[PDB]
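I'd like to ask you about the structure that follows.
Labels run A, B, C, D, E and F following the written order; every chain starts at residue 1.
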Amino acid sequence: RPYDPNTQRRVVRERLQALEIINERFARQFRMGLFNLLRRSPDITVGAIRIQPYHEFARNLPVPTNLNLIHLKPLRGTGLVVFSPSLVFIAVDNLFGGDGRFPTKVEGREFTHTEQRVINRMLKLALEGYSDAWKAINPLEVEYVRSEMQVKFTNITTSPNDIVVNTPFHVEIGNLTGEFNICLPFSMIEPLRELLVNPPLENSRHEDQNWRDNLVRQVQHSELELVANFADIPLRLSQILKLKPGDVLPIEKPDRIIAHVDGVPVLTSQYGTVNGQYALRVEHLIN
Amino acid sequence: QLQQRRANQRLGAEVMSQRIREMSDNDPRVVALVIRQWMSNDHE
Amino acid sequence: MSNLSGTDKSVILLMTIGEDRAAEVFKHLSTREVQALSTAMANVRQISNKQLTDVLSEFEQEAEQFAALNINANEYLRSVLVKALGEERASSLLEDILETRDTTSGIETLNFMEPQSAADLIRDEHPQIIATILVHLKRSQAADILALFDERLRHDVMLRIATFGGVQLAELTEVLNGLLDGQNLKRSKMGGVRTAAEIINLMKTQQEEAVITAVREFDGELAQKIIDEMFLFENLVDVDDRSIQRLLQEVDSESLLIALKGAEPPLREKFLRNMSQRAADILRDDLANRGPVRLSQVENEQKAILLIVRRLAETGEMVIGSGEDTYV
Amino acid sequence: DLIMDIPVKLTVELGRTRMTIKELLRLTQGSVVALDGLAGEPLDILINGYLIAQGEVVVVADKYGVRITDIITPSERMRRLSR
Amino acid sequence: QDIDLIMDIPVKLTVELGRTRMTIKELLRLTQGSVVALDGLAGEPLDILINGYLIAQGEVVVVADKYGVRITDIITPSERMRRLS
Amino acid sequence: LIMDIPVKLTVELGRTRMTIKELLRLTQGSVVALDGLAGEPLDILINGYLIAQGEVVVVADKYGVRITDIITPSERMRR
């Protein structure tokens, strides 16, 4: 298995459970909105959150389909919410009156203006759902930018091998079924990677001072190893092999020695002898 | 004689312009209805 | 004292009442009404003293019948209803009535013009929206639009209608609004089939034959469509005898005699059986006696006969609807 | 012995102490702490965190140096790590 | 004391793809056909150093068939000691 | 006597010679080329001392170096 710059992956193996819960809550909000609009009760199955290079996601995307760009302040970049022909088909069939027992293929004909309007109607609902899912974890301002037909014209990422996250959704209304995805480049969520790795927390006030007090009260008494390095001499394997008792290895004048725990310096001091013991006359702790 | 005829025609036109002005100030919707009826009669 | 149309009288009133006066007049007028009005002064003639006097006297006599001291209906109704039923109820009722008026106006407007225009307007639409637009319209216009789609689209629409399940009114009103805006498309079609067929009909025999050969070399099917639309002059061989006799009641004997010199002998034989026996004998004797005629004169007479046929068919007297169809 | 010449970092350690966050936070200028090592007891010679030997600081003609006493002593090493 | 009076001074910068830890016994057995893994996870930022001193972190790309690093962040004191230990 | 002692080693992929004005100008996303050719055997260094040469291979989703050549100090002075 060789190494290539084409594998420009910040490979992720974490659960990303915060993304899962925000996705589920957005799905519930979208279900509520769709039940309000289409006068029918749908069900949204949130597919497993996917991580793949942009080229793989583009190839897996069923051409032709609807694509739409989002800007999410304060994060720089763009979201790539994609609506499949099946879902807009089902939406227009239910809005205009139908049963769906007579589906029609997609023949490459561009979406009619009425279909585009219905797409926008669902799109602002989905955008508000994503927003209200977001500010629970982090306030994000999501706003529609433009619509696109083919994926290759989106230019969502600088390179086709750029790693992206793809959240699918399977929306079913009766026997009618459709799917739609939300694609985000990984760079959109790099600064908040640790936030989305850990699950979200509900308490925000009581713990803020409760733990700030209790931790210093409890860890006030907890012993910890510390080691003082009095000298620092460089040698070689030759001298180590020939190292025999009775010789002297030179050391410069140690004016200050460092006391550290597991390596990280914690304080500096001056060595000395007190009551028949090797004592330290401390100066200050490194901040 | 023609000059006086034109002069009195102009004066009557101005005073009736004043009257139509004050009526349309009272109600421009009557003017709109008259205009709509005139286009209604136009196509026949 | 030139006759003054209603547009002229309205213009005379409008540029006399005032600027904000005209603005508030259009505030209570339809957009197409304002467009038709604005189309006038761009090329209107300067009004005359007696003309303005007469039009404004007509305005006065209509005014005697039109005097109610009315306030604007929408805002007055809103002001009354916000107190009668509350702001939210007033808004809901106002928008409901507005949407009902919008859909009624759209349906009435769509039930007024020639079918193929609306057919091509809604051809690109999704079949489901076509279905609900089709049902809510007038049945006669419904079938007229129906008879123009292809097999698959029309069959799908009928399946949807046979399996219809109710339609929301508000989005339907929005659909009529959208297609109304689609109608407001400043485009000139000028289809290159019927107009092309007429043009080829207008040309001389050599030119039209050369063009037909060239286009058939380019595309035989398109040439066949053009000739099936224009029929040229020789198509009189396939015209019903009743139409031929109706034509002979108006054609000139000398013109027909000149034209028949260049006509095909089968065409002459078919034609000579249509007029009266004495007229047919006179025509045959004239053809025998008359010598050769210039091809230009014969072509001119044939073109005149074709033009006569075209104008008489415009009145609907002649039945030249793409051949003799099927005999029953 | 093709790996004959590699630099290696040597270090000495004086001693350690059981001393917690409160006890270090109270430390200021002139504060004194103690270690396990007895006065004059051999400091411990390690490299990169692994014990090698024991040695004491010796001052000869004013230059400091370290004089070693023991060897790795794997049995004695086992005794030490069992603590 | 000066700020940038040392305008031109050539330095040597380097990049590290991971660090390991074992004894000599595990490298005396390293010959042709002997491979060794590194603690560095496959894809973390490359470690950009100068003169053997920590500077920054950033991944590596290829430019015109040549290695090239894309620095992302500079090293703060917090993670410097974490790298040290 | 010296059987076990853990050592610190790295693997090095770039040795650019450049002054500090090409460092002060460096910002986020800046790309700086390095003389190491893509695919050239990577040099494995131990505690600041060059030891081996060999390229990089990923094993079990881990960084790993496939060593090829080892010491023979004859190619030290030119480096």
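In this text, a residue touches a chain if its C-beta (ideal position, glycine included) is under 8 Å from a C-beta of that chain, and two chains touch if they have at least 3 such contacts.
Asker: Looking only at C-beta pairs in contact, point me to the busier pair out of B-C and E-F.
Answerer: E-F
Asker: What is the distance in Å between the mean C-alpha positions of chain C and chain E?
Answerer: Their C-alpha centroids are separated by 80 Å.
Asker: Can you check how far apart chain D and chain F are, centre to centre, with Cα atoms defining each centre and the answer in Å?
Answerer: Computed value for the inter-centroid distance: 33 Å.
Asker: When the centre of a chain is set as the mean of its C-alpha atoms, what distance in Å lies between chain A and chain C?
Answerer: 63
Asker: Between chain C and chain F, what is the separation of their C-alpha centroids in Å?
Answerer: Here chain C and chain F have centroids separated by 83 Å.
Asker: Name the residues of chain A that each touch 2 or more other chains.
Answerer: Correct list: 5, 11, 237, 240, 263.
Asker: Enumerate the residues of chain D that touch no fewer than two other chains.
Answerer: 3, 5-9, 47, 49, 52, 71 - these are the residues of chain D that touch more than one other chain.
Asker: In chain B, which residues are in touch with two or more of the other chains?
Answerer: There are none in chain B.
Asker: Go through the chains and record each pair that touches.
Answerer: Those chain pairs which touch are A-C, A-D, A-E, A-F, B-C, D-E, D-F, E-F.
Asker: Considering the complex alone, what residue numbers of chain A touch chain C?
Answerer: 39, 92-93, 95-99, 101-102, 104, 109, 112-115, 117
Asker: Help me check something: in the complex, which residues belonging to chain F touch chain A?
Answerer: Of all residues in chain F, those touching chain A are 1-2, 38, 55-59, 61.
Asker: In their complex, what parts of chain C are in touch with chain A?
Answerer: Contact set of chain C toward chain A: 124-129, 131-132, 156, 159-160, 163-168, 171, 174-175, 178, 182.
Asker: Under the stated contact criterion, what part of chain D meets chain F in this complex?
Answerer: Interface residues on the chain D side: 2-3, 5-9, 47-50, 52, 71-72.
Asker: Spell out the residues on chain D that touch chain E in their complex, using ranges where they run on.
Answerer: Counting only chain D, the residues touching chain E are 3.
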